[PDB]
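Visitor: Can you look at this? It's an experimental structure, sequence on top.
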Amino acid sequence: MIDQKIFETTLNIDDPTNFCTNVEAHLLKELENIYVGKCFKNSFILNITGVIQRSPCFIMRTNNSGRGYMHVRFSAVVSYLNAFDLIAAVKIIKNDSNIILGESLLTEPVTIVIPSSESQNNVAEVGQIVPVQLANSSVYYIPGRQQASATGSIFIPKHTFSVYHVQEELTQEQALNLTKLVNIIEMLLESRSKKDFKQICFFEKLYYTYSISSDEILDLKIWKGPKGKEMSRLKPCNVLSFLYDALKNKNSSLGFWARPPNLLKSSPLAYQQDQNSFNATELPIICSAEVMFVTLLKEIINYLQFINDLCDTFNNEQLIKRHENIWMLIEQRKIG
Amino acid sequence: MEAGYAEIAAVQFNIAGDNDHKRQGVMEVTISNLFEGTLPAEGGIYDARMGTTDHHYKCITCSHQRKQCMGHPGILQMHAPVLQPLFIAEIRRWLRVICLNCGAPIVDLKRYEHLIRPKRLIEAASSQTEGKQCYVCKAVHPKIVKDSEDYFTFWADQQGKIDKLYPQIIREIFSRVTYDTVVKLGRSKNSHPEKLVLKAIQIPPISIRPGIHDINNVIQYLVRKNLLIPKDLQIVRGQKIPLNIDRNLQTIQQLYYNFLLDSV
Amino acid sequence: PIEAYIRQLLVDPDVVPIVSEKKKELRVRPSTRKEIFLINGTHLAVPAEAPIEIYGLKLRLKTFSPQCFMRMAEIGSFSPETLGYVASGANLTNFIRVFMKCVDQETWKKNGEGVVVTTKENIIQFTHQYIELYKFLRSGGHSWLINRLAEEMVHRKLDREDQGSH
């Protein structure tokens, strides 16, 4: 997830007289040379946005070199990868008996180790681009490295889900905070709308937990995609509209919230009920409205980004025919 | 990436336990060999991960030459717990204060709440605690006596019955002490008595012991004699361990004491 | 799998100490020395292996200061799991107190405030809530959140100390 961050650092200056001429420009250039494209303080710095504040260029006191140093606090655009994150393009580099290596081709530099034990792996031949999902573990950001260390496997769609029992109302400040995620989802939806609809439908049908019976596209005037199975007589509710109405204090967030596999994970739909009617196989998670909303919004963001990057990477039928081996493997692991 | 200019503003002194030595160590010593041909043997006490003092090879840790390498500590896993030579007296002050059966303090903490922290534990241990009965487990506190034949052996005298407090028994006793007792006795949360017994010692960096000194012979003897102690050794208060194992434990603890506090 | 295994996993942090009983039930052994309580409220530690019957679980709700979160955001290298924990403890967020509140009753009272649970099934509920809380703290969500608030609060402090003042 691309985000902002603020760092502190100390930079050494060999020629203080030359540095003091255009201090802000020299500072930006040296910061870009040192920190851009490297992992530092549990994050990977993408760009240097600016310098919030600095210190006067002091002169080093413990040596007679005459050099200087300056403490700089700067805002940088960084990226942080989380567990269960969906990456739609990694290049298989090494395929040996021990492990499998891949490198992401997206704007999030990360090297991914893959265990050969899992059956979904060991099929991705060297040179194939396979969309993978990061495993339930932390992503290692080793200082000084141009990539991130992570573990994961080829993204096989899951068949289970989680139910959130909400006993707390959504406060105005929490809704205002969540409007940022709502804006992110909106921008992702408008970016998706510019892409090819055929590729969108193909990939959503491919990564559906179930199998779409026939061509039937569901439309909400803000998200367009194929329509799949339902849940008896239960109807889904739009999450974006619910959040917008909650900003005006017009809805109640209490009760059982769920996103069972019959819903398209890249769609803003969700199920809200007054009773635990979902046939889940675990105890419902007691949480506030804000926690459930954060989880669902980030899941929607993840799946929207996954579909968008998958369509970006595979822009022609030649790549699809090349990766039909992976596509059939994905298709096989589906519940009837 | 570059390291910015910095200066030291303050220095903090603490007691290093097993966790500090395990996380600050760059390798674990596992063999008593010294070389494999001309290069240092991997896993020995001269392993190049600890540093380098020869032109032939560079440091494996920082990839520097012997001039720019400051050395890196290693870890030696002791098969039996060992006491800290520098703080043996402190260990005594803790054995006479807390109960040896449940860890609850045998002295009244409220009696020392007005003293300053540096002398709270000293003044608590100065009082007569032998024969005092714990108010929780109802166990009579024995007499903690220092063996006069060495500098690190303790005995418990329960109404004439004498037991030897092996470092494993001392560690089990100390791990039963809560942080509330440590704070209320003037010590800090970084000076818990459980750190006074080491099951993993630090092999100093090669930069501290160049000449791949005579202190390296002590470490090599300590490494070789550590492997004589069985790994699965377990000591429980009251157990009569064989004289073969008891003799080996004495030398290992004495070797480490002479490694740190010889002729001091 | 096993409730004993789950509780042993839950015993690891300094938070959630346990109360021991002589009823001879729910026995478990920690992976390290653990400070526990007993009925009538006496605080005693146990070594890295000691069979302690489990009367109930008391998760302590630690109260920090916003200056601690300010310092940790100033450092900037902390994991989201720790930042969110401190923010919940500093009342900047309430995730810990939201996932908790499976309290049976006022079945056990002492100095520290928190969640006390003393029965069979509600201990299972407590373990489930703790596991879900830490999964949320390590989830993709709460990583966009804690980072957002940590960045924005530091930025606002810098603005009010430089832009709003002189």
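Guide: Yep, it's here. Numbers count the residues shown, from 1 in each chain, chains lettered A, B, ... in the order given.

Visitor: Quick check: residues of chain B near chain C?
Guide: B:102-104, B:136, B:172, B:175-180, B:194 (C-beta under 8 Å from any C-beta of the partner chain). Just so you know, the C-beta spots here come from the backbone N, C-alpha and C atoms, and that holds for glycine as well.

Visitor: Could you tell me which of these belong to helices?
Guide: If you go by DSSP state H, the residues of chain B next to chain C have B:172, B:179-180 in helices.

Visitor: out of those residues, who's nearest residue B:230?
Guide: The shortest approach to residue B:230 among these belongs to residue B:172, at 18.3 Å (C-beta to C-beta).

Visitor: and the closest one, what does it touch?
Guide: Going by C-beta atoms under 8 Å, 6 or more residues apart in numbering or on different chains, residue B:172 touches residue C:47.

Visitor: Roughly how far does it sit from residue C:34?
Guide: 14 Å (C-beta to C-beta, to the nearest Å).

Visitor: Please enumerate the helices of the chain.
Guide: No chain was given, so I picked chain A. Under DSSP H, chain A gives helices at A:16-19, A:23-35, A:172-193, A:197-206, A:239-247, A:289-313, A:317-322, A:324-332.

Visitor: should've been chain B
Guide: B:18-24, B:88-95, B:120-126, B:167-174, B:179-184, B:215-226, B:243-260.

Visitor: How about exporting the fourth one as PDB, limited to the C-alpha atoms?
Guide: Once non-C-alpha atoms are left out, helix B:167-174 reads as follows in PDB (Å, rounded to 0.1, in the frame of the first residue of the first chain):
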ATOM      1  CA  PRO B 167      23.700 -22.700  39.700                       C
ATOM      2  CA  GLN B 168      20.600 -24.400  38.100                       C
ATOM      3  CA  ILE B 169      18.900 -24.500  41.500                       C
ATOM      4  CA  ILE B 170      19.900 -20.900  42.000                       C
ATOM      5  CA  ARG B 171      18.400 -20.000  38.600                       C
ATOM      6  CA  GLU B 172      15.200 -21.800  39.400                       C
ATOM      7  CA  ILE B 173      15.000 -19.900  42.700                       C
ATOM      8  CA  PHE B 174      15.700 -16.600  41.100                       C
END
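
Visitor: quick revisit: a markdown table for the residues of chain B next to chain C, including distance to residue B:218?
Guide: Listed next are the residues of chain B next to chain C as a markdown table, based on distance: C-beta to C-beta, whole Å:
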| residue | distance to residue B:218 |
| --- | --- |
| B:102 | 38 |
| B:103 | 35 |
| B:104 | 39 |
| B:136 | 43 |
| B:172 | 28 |
| B:175 | 29 |
| B:176 | 33 |
| B:177 | 32 |
| B:178 | 37 |
| B:179 | 35 |
| B:180 | 40 |
| B:194 | 26 |
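
Visitor: Among those, the buried ones, what's the PyMOL command?
Guide: In PyMOL, this line selects whichever of those come out buried by 16 or more other C-beta atoms under 10 Å in any protein chain shown:
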select buried, chain B and resi 102+103+104+172+175+176+177+178+194
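
Visitor: Pick the one among the residues of chain B next to chain C closest to residue C:159.
Guide: Nearest to residue C:159 among the residues of chain B next to chain C: residue B:179, at 40.3 Å, using C-beta to C-beta.

Visitor: Skipping adjacent residues, who's closest to the closest one in space?
Guide: Spatially, and ignoring its direct neighbours in sequence, residue B:179 is nearest to residue B:189 (5.7 Å; C-beta to C-beta, 6 or more residues apart in numbering or on different chains).

Visitor: quick one on the thing from earlier: with distance to residue C:98 added, can I get the ones in helices among the residues of chain B next to chain C in JSON lines?
Guide: Formatted as JSON lines, those follow (distance: C-beta to C-beta, whole Å):
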{"residue": "B:172", "distance to residue C:98": "40"}
{"residue": "B:179", "distance to residue C:98": "29"}
{"residue": "B:180", "distance to residue C:98": "30"}
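
Visitor: what's the closest of those residues to chain C?
Guide: residue B:172 (5.3 Å; C-beta to the nearest C-beta).

Visitor: how close does the closest one sit to chain A?
Guide: 34 Å (C-beta to the nearest C-beta, to the nearest Å).

Visitor: in the sheet, who's paired with the residue in chain A that chain B sits nearest to?
Guide: Nearest residue of chain A to chain B (C-beta to the nearest C-beta) works out as residue A:10 at 2.8 Å. Beta bridges link residue A:10 to residue A:71, judged by DSSP bridges.

Visitor: That one: neighbour count?
Guide: 15 (other C-beta atoms under 10 Å in any protein chain shown).

Visitor: Next, the contact list for it, please.
Guide: The neighbourhood of residue A:10, defined by C-beta under 8 Å, 6+ apart, consists of A:69-72, B:4-6.

Visitor: are any of those buried, and which?
Guide: Looks like the contacts of residue A:10 have A:69-72, B:5 buried, using 16+ other C-beta under 10 Å.

Visitor: circling back: can you tell me which of the helices of chain A is most buried?
Guide: Most buried of those by mean neighbour count (mean count of other C-beta atoms under 10 Å in any protein chain shown) is helix A:289-313; its value is a mean of 22.

Visitor: For that one, name the packing helices and strands.
Guide: Helix A:289-313 sits against strand A:86-87, strand A:163-166, helix A:172-193, helix A:197-206, helix A:239-247, helix C:95-99, helix C:143-162, with contacts defined as 3 or more C-beta pairs under 8 Å, 6 or more residues apart in numbering or on different chains; DSSP states H and E.

Visitor: Just send the ones you listed back as JSON lines, with distance to residue B:184 too.
Guide: As requested, these are exported to JSON lines (distance: least, C-beta to C-beta, whole Å):
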{"stretch": "strand A:86-87", "distance to residue B:184": "53"}
{"stretch": "strand A:163-166", "distance to residue B:184": "44"}
{"stretch": "helix A:172-193", "distance to residue B:184": "42"}
{"stretch": "helix A:197-206", "distance to residue B:184": "64"}
{"stretch": "helix A:239-247", "distance to residue B:184": "51"}
{"stretch": "helix C:95-99", "distance to residue B:184": "28"}
{"stretch": "helix C:143-162", "distance to residue B:184": "36"}
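
Visitor: could I get the ones you listed as CSV with distance to chain B?
Guide: Below are the helices and strands packed on helix A:289-313 laid out as CSV (distance: least, C-beta to the nearest C-beta, whole Å):
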stretch, distance to chain B
strand A:86-87, 26
strand A:163-166, 37
helix A:172-193, 31
helix A:197-206, 39
helix A:239-247, 42
helix C:95-99, 22
helix C:143-162, 20
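
Visitor: Tell me which of the ones you listed sits nearest to residue B:131.
Guide: Once those are compared by C-beta to C-beta, helix C:95-99 is nearest, at 47.2 Å.

Visitor: Could you tell me which residues within that closest one count as buried?
Guide: Neighbour counts over helix C:95-99 (16+ other C-beta under 10 Å) mark C:95-96, C:98-99 as buried.

Visitor: Tell me the one among the residues you listed nearest to chain A.
Guide: Using C-beta to the nearest C-beta, residue C:98 comes nearest to chain A of the buried residues of helix C:95-99, at 4.4 Å.

Visitor: Quick check: closest non-adjacent residue to the closest one.
Guide: Per C-beta to C-beta, 6+ apart, closest to residue C:98 is residue A:288, 4.4 Å.

Visitor: hang on, isn't that neighbour packed against residue A:167?
Guide: Yes: at 7.5 Å, residue A:288 and residue A:167 qualify as touching, with contact defined as C-beta atoms under 8 Å.

Visitor: out of these two, which sits in the busier spot?
Guide: Using other C-beta under 10 Å, the more surrounded residue of residue A:288 and residue A:167 is residue A:288, with 22 against 13.
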